[PDB]
Amino acid sequence: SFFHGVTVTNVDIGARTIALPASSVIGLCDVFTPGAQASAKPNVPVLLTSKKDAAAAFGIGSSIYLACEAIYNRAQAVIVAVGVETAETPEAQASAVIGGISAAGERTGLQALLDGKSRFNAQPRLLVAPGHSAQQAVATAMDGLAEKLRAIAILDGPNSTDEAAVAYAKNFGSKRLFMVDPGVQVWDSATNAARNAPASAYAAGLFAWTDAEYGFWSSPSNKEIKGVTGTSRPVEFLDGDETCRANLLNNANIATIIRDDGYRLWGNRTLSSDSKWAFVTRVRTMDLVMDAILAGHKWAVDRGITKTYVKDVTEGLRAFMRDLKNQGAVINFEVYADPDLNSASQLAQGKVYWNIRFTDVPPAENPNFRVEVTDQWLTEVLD
Amino acid sequence: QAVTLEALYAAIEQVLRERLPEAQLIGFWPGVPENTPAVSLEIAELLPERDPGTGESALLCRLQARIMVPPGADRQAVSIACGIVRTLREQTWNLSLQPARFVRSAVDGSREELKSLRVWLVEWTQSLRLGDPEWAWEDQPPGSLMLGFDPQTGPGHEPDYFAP
Amino acid sequence: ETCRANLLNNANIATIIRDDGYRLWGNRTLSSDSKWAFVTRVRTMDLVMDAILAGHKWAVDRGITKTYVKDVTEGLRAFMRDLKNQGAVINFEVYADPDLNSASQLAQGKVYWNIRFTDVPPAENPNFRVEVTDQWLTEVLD
Amino acid sequence: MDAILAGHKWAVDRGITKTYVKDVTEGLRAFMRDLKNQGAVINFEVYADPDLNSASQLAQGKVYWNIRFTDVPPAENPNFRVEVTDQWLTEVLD
Amino acid sequence: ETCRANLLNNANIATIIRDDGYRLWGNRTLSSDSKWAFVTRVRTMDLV
Amino acid sequence: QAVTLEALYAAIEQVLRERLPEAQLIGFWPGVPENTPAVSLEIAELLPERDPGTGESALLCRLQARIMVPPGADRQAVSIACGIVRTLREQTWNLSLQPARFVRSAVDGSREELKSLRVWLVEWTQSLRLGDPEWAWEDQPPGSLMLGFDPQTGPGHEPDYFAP
Amino acid sequence: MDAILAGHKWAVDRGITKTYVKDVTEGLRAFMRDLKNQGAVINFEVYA
Amino acid sequence: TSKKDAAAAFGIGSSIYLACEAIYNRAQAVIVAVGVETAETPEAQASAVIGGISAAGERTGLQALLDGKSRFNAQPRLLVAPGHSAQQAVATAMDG
């Protein structure tokens, strides 16, 4: 008698449910002056969820509240903002933005965004350091940070001429770097005049608006920027010229702000050396379906490789991509457990391999129309 | 269970020595025509058949019998041949076989030596399931049992097994 | 992989990893054999060796007949068949020993059988190989 | 899991007859059916497991029943997808 | 399955379990063979 | 992908040395009957078949086996022949072929030397797709790549190619 | 020539496998296939 | 077999009841607990955990678990000596 009585068991063998990690958290690190009106310590991350909370934490008129006002006037996002103190020299200002680690083993500058998931359960997907990303030292440490968080580090070049932006984007060659060249000319209510904004947080609000409006698979490269009053050093896009000054910067993988009163973003390409990862849509959708799978399969780490285990991972992995296909994120997919890799030796070591092939939705950056006249139907006006 | 050619060669020798006492010497591959009423079995040709759905090889063998006799005993050698033909109407040789099909009986001209001039070819076919079946994947041994396990058995492992 | 949890599991040491320690982490025993480097295989081999060997008290010498092997083995395959649909064993085979059951050893009266089984391994590394292709892009035409 | 555990304490030594597995299963289908039309579950499938009811498992007094069902999930995110189209715009012609 | 009553049925000993002692618990004899374990099979065999 | 006769000649030698240890010497064109249980493969005739719709040549080859043996070991040479026939019921020789069709097995009279008097012809047919297919117009080489152009390539142009 | 030669920066030594030739050539034939239906090339062949 | 019997046999505040409370808060299992007295020197408390056969011929210490099936019909298939297992002396007895 192993057991004499009723044995009611819960077998727990079904397929699971994979959700997306919300794709719209913005990492921010800009300077501010700490004091009595600012309720934030000058290196710790603060979870800003509203425009009033960004003013209560960093103070009205700070250089990081002006970047939170840029996001919250366009979209409604979650900002994991670090905040730093002003350095005396601009050569050592880049060392405070990058930061690193403290004497007590605490990440200080941009590295404090790695604590965004461990402290607030909000991992940043848009890495924005407005005003400081024009330096190559910060942007190299923001691209390496964007490979830790699978984020899109939004850059902004200098507000000088267009050759200064082409020479700045030549240095990177990384697929997690999205660069917006022309500086936004925005209204400043502190001096009652129009200042020049670094135009990085205004593109950050455009990424976080299309994720709430059109989806994470949608490029923000045709949508309006709201808060601006113009654009410093205006770029030219007339109607359909492929030799315009705006198109020559998108050809050099630099996004721009084009129209009169500066109300369009123009450009969906990252600074990728490979032509595969050129579009910022494909880089964004890949990091979202690589992080949903990794953080959604933490139930299956010691479940035991049976025949119904691989069958109920795949059928729970097929339903994740199928719920993305009719949603509009992907076009088609083919999820299958690899027969050539799940050998009797690789299974005995505890290694199971699944393949998720899929095609993303490419943004239709060049719709062609081939208009012609002919005389094929000319004999149709005869009855 | 299944048949073998070595079990078949002995049983055709076995029955024909029992039923035919006038046949002095029955063998499946003899020689040396030492005396008059000798019978020399042979093999002519083995042909395929309709393959059954298991791992059996269907074969019909032309089991050939040659009755060697010196001349002057011509009537005495057909009476040896008449004993074999009357056997083969229903004969399965007690081996779970089909009954053998009689084919022909006639005087032939051998390639071999012709001291015994008159020879009578007697050939017949019967089907064989020589291929090992896949209906059962094991055997049936009688005796005491020993039980071993996966990474500890083979011929080089005597003390691994147990017998309680 | 730079974490001090995976640097401790590579010494065949189970750990307690989560925030404020709410789960175990590790299947490795302290074995120098690559086969027995799993706490599932050691726990299941020692539980089916104890099941079979301490379950044959009735199989003592009591008129060993031809139907003795059909009573032990078909009561032994049916135990391993109950382990398979329970989920304990992926694949098994209770087969007679081909290289040891000789005709010279049949006269000794000691036949040999082998009980092999493939234990269910824990999926300690569920790899996923996700790629972005351009194969189904022509599917967007109608 | 506790309605089944505390409701089947009569069937601990009844004896496996054909009417025993008939009346445990059909007494268990009526429990889930009374949960389905009450609104607790959506559908169910109660059946004696064929591969787990072996001839050797039944000989030890072990008999297995499978109860599969689906819960009613709380609609925490009801999505509404509004589109403004011009399909029925030519309906104002007659 | 780790109760004190089940550990005695596992050692082939029937018990009396519940509050006010109103159940018999255990149907196994003291059989060394697993064939004749149940007292039902021993009783039906001697009757037929 | 497709088969070749040289890959076919080695694989029939390969399997028959593995499955038949009593066969001392297996070869596809041997000679020199140096010892008793020798087996000499041959080729009798290769015949056409229904041509498929690509550039394959359908051929069934009478793969002929001759079992040469000195007299006095007549029973020992049919047991060699019984090992080959039981193989050929399902055998595709691990080469993406059709299973071989057994044809006949009988004693013949060779044109060759008759020191080994008793010979057993064992012939069988199996289809072959020897013609190169037109389904793919290229090959699959592994390695690093070099790219050239129209009026600048061939074997006499090494520095035209590039490899970035 | 400027399209093909200045378009293979990704084809540097990064674990050259058996599927490296299927990734270069079928991305090279598909570029020349785009040139044919554009009207740039009458006939082409990318052959070993 | 229960948390009541583990406190009735060894008492609260014992170092082995604190081990039994660690098991019964997570699972519900059969524990074959030996229980030893505290030794003065920690170099010989590991020898009191292992023990062996006594002068009378009775197994004492960790080796008393071998008499778990012959007495309680429950062979201990999980050997746990919490605390004193960080020594090579006691853990080799846990392996043996």
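Structural remarks
Just so it is clear, A, B, C, D, E, F, G and H label the chains in written order, and each chain counts residues from 1 on its own.
FYI, contacts are C-beta pairs under 8 Å (C-beta built on N, C-alpha and C of every residue); 3 or more make two chains touch, one makes a residue touch a chain.
Any chain touching subunit B that also touches subunit E appears here: C. Nearest to the overall CA centre, using the mean of each chain's CA atoms, is chain C. With chains reduced to the mean position of their C-alpha atoms, the one farthest from subunit D is B.
Averaging Cα coordinates per chain places subunit B and subunit F 33 Å apart. Subunit B and subunit G have Cα centroids separated by 70 Å.
Look at where the CA atoms of subunit D average out and do the same for subunit G: the two points lie 56 Å apart.
Across the interface of their complex, subunit A is touched by residues 7, 9-10 of subunit G. Subunit F contributes residues 74-75, 78-79, 82, 85-86, 88-90, 101-107, 109 to its touches with subunit B in the complex. Residues of subunit C that touch subunit B in their complex: 35, 45, 49, 52-53, 56-57, 59-60, 64-66, 68-70, 72, 76, 95-97, 99-101, 106, 109-117.
Against subunit G, the residues of subunit A that register as touching in their complex are 273-276. On subunit E, the positions that touch subunit D within their shared complex are 27, 34, 37-38, 40.
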